[PDB]
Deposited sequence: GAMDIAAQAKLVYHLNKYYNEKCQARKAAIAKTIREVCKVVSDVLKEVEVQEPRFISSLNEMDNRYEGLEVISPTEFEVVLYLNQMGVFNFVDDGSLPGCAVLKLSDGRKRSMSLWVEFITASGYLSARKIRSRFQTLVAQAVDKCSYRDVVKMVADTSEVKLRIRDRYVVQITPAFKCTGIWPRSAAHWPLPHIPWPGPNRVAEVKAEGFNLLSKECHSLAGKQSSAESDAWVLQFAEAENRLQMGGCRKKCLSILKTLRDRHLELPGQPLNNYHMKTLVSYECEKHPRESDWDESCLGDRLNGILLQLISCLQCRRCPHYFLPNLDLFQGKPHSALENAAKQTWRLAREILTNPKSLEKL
């Protein structure tokens, strides 16, 4: 009897993925196509004032929030991760300051300033917005953020293998195979100009590729969707990034690709919600690549607890009656 309920769960989850998850990616695509015209148009204007800025590398934060990473024409004339500041990193010799496309922006100390490029970029964006009612500029934040049609918020973050991520993959876990490891590692990493004077690290390119195989993406698509529909809560305790970062952890716990067959979608999804409820209750949720930073950092105890209540309540309605997914 325990066999048939596993299959019923996998069936209704596939319906959720095809009915509700696809609808998400459809509404998001409508919202992104509307948003992306505004940004690329504005970015075209920034290109005429500053040609170094140019118009793929997108990030969905929520259905209404996005982060555009703008990959700048670089020279990489500058060569550095230390325990100094967690999750964030920062030239070689006192020569070749004139080698950078952004040569003016290297500091007197000889370091290259994220704070200064983002300000220069922010001044340009706030100026380009002056269009009437459809675009707004977000202030009191160091990062560039636009408010479009008073409905959506888009952050535009200037952007281009690390010391903390060096352990991964630990040869302990058969996953990933040497083929998947070197393949995902070739993606490299990205540095995002955000506050913490440092650059934020992001592996959205490696993370999303690491989860290739099996139902991992269907699981993420289902997790992101459930979060949108039922876990947008006071305190914004839960992000698409929380789900994304958990799916990777569950990949380790179940190393074998067989654990990720389509038959196992219910198990892996159920396993992930539970680990999430633990993270909420334990009050700690670590980054996949960098354990030193906790993605619950700064979250109120009241909100982390309530999120645990709703996440738990959600998994039970699912298991007791998996058809309940239709009405979710």
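Gaps in the model (deposited sequence, numbered from 1): In sequence order, the gaps with no modelled C-alpha are 1-2, 58-66, 91, 103-104, 145-147, 178-182, 219-230.
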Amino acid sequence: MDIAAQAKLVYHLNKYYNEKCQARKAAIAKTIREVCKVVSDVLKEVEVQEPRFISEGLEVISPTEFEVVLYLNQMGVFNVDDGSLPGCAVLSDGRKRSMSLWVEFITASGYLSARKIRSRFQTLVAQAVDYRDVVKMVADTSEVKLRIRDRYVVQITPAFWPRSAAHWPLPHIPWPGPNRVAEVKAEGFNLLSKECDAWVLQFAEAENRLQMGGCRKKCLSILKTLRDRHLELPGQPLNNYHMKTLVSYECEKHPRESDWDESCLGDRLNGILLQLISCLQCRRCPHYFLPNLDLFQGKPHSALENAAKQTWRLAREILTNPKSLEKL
From here on, numbers count along this sequence of modelled residues.
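Comparing 137-145 with 242-250, the one whose average Cα B-factor in the PDB entry is higher: Higher of the two, by average CA B-factor, is 137-145.
Segment of higher mean CA temperature factor, 56-64 or 268-276: Comparing 56-64 with 268-276, the higher average CA B-factor belongs to 56-64.
Candidate residues 214, 235, 158, 110, the one whose C-alpha B factor the record puts highest: Across 214, 235, 158, 110, the entry lists the biggest C-alpha B-factor for 110.
Top residue by Cα temperature factor, when 170, 201, 154, 226 are compared in the entry: Spelled out: the listed residue with the top C-alpha B-factor is 170.
Residue 295 - Cα temperature factor, lowest/middle/highest third of chain: For residue 295, whose C-alpha B-factor we compare with every modelled residue in the chain, the answer is the lowest third.
Residue 90 - which third its CA temperature factor falls in, relative to the rest of the chain: Residue 90: CA B-factor falls in the middle third of its chain.
Residue 218 - Cα temperature factor, lowest/middle/highest third of chain: Lowest third - that is where residue 218 ends up once the chain's C-alpha B-factors are sorted.
Record-listed C-alpha B factor of residue 195: chain third: Tercile = highest for this residue's CA B-factor.
Within-chain third of residue 150 by Cα B-factor, per the entry: According to the entry, residue 150 has a C-alpha B-factor in the chain's middle third.
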